[PDB]
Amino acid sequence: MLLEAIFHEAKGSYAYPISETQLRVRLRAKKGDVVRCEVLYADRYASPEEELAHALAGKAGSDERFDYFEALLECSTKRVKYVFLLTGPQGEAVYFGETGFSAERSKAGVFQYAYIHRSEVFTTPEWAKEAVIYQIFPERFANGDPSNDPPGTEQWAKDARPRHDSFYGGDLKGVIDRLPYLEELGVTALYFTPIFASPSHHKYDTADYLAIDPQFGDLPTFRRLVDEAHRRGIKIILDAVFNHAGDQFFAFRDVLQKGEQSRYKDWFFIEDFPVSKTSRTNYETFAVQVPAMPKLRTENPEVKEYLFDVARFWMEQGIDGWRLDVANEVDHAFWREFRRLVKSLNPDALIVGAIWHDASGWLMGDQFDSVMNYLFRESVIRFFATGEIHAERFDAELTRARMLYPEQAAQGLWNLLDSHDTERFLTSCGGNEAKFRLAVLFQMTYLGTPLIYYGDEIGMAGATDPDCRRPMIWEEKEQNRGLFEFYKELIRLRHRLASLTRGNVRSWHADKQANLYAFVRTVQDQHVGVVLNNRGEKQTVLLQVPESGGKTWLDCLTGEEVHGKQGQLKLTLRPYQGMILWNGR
């Protein structure tokens, strides 16, 4: 067994409390060397002469290089010391604990989880566990009052291909008008890109953080929205740009005019004094040459409490959660006090983050509830749209990703197909709607949160910025009603089959040749299976049972396939068919 490959930390994504009294320890080994891992543990003071309690660590997934095992250690005493007895394939047993490896128990040492306090059990809003979000880019979703329109609006048409700045006017009233659509699809929260008052077509140059931008609406319209949507099941989540300010911020203007005398001077990172906002962008901004975005000093206790009052206004207004823009470039202490502030104004206001590098520093329990799952985006483009990885690599990428984070985070990362910065996922499959559908049949059953972009329930293609941002096609003859009844089908299925939302994922079948991949999602007795054929030709496959039991297994999209031959469930599936097979339990 090569022991420099076995890994565990008593911190972090490898040990964490699911409850006061229940601890979760995970361990990884090179693919194949550990064939049995079993935790032996006791309270942190229990005297030697006692036999230990025991709990077997299951295999929870194997990515490309490592096999990942996971066990559940009851700690009634809310304190736990433990060692792993690891067992090889050729039978070698070893013991792993803090001292190192040994084959003689004690000299392994012992790992320890100091105390488990309920304030450190990572707790995320129960609602977000079964949600499906709908990303609204408000400017392109609908224009419901023509009076707000910026001058020069282009005509709304399925014709449109935009340019960078080009406005189409789309506004909070429009959304208010189209809420009886959103509601039928079965969405449960809308996530607006930034709506606040700002100079450009995209509101990232924030000018006043405390008011809806002039082209979108006004606080009573935002309330009428918050209120009309909540009453329809839908929550409202806002985009929070606290990293950097815009050029028309008060404090950026005060430093601009007064310079060194303004009581705002230290709010921003200063070499360009006086402010040259036109010729030398060297004053800490977004990145070295953007001259209209200077960074707010989140460290400063005035800056901090301003953005906390920004955060409280918007929550007086009724919102259920923020998505945090460029979260990773504002300090952890801000994000902690932020979590403290938010979660007290609203027990269920979610705080979700955007960082596109490993985000575990924030998914520890104390800063955000989940981040945007970029790794699912990469995996789904490649497997489903470009073809470039095969089900084995699919499984590897999937599997390496979910063990990034505590399961409280993983189970609710926002699983996005595309965004207002990417080419649109139908362009990604180059127009092929069988690929697109399979990628959605995946999205709606995997672990985390379906995030639909505006437009894809009805078929919109596009390139990256600005071409994803074409107006939404709202005429029922111009919309792929085929797709819509599928999103509504799947969405319904996500909402009744408790395991799809709240259940764990285990890999069932990964066949690089035929390109099928199939998973099970499980809560208690229930098992649903998702068999996905990523082939444009039709395949039988044979597969083995899920552990417990199922002689008979319904298909929820279509009817019975009780083919459980005592261990072989045999199933044919036509091109790009996914099947979602439910225990019946």
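Throughout, we count residues from 1 along the sequence that is shown.
For the pair 555-563 and 530-538, the mean B factor over Cα atoms is greater in 555-563. In this crystal structure, the stretch out of 297-305 and 444-452 whose C-alpha atoms carry the higher mean B factor is 297-305.
Highest CA B-factor among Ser370, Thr399, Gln261, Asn432, as stated in the entry: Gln261. Which of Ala157, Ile136, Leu416, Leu493 has the largest Cα B-factor in the deposited entry comes down to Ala157. Sorting the modelled residues of the chain by their CA temperature factor places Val25 in the lowest third. Compared with the other modelled residues of the chain, the Cα B-factor recorded for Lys488 ranks in the middle third. Among the modelled residues of its chain, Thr422 has a C-alpha B-factor that falls in the middle third according to the deposited record. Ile6: CA B factor lies in the lowest third for its chain, per the PDB record. When the CA B factors of the chain's modelled residues are split into thirds, the value for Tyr115 lands in the middle one.
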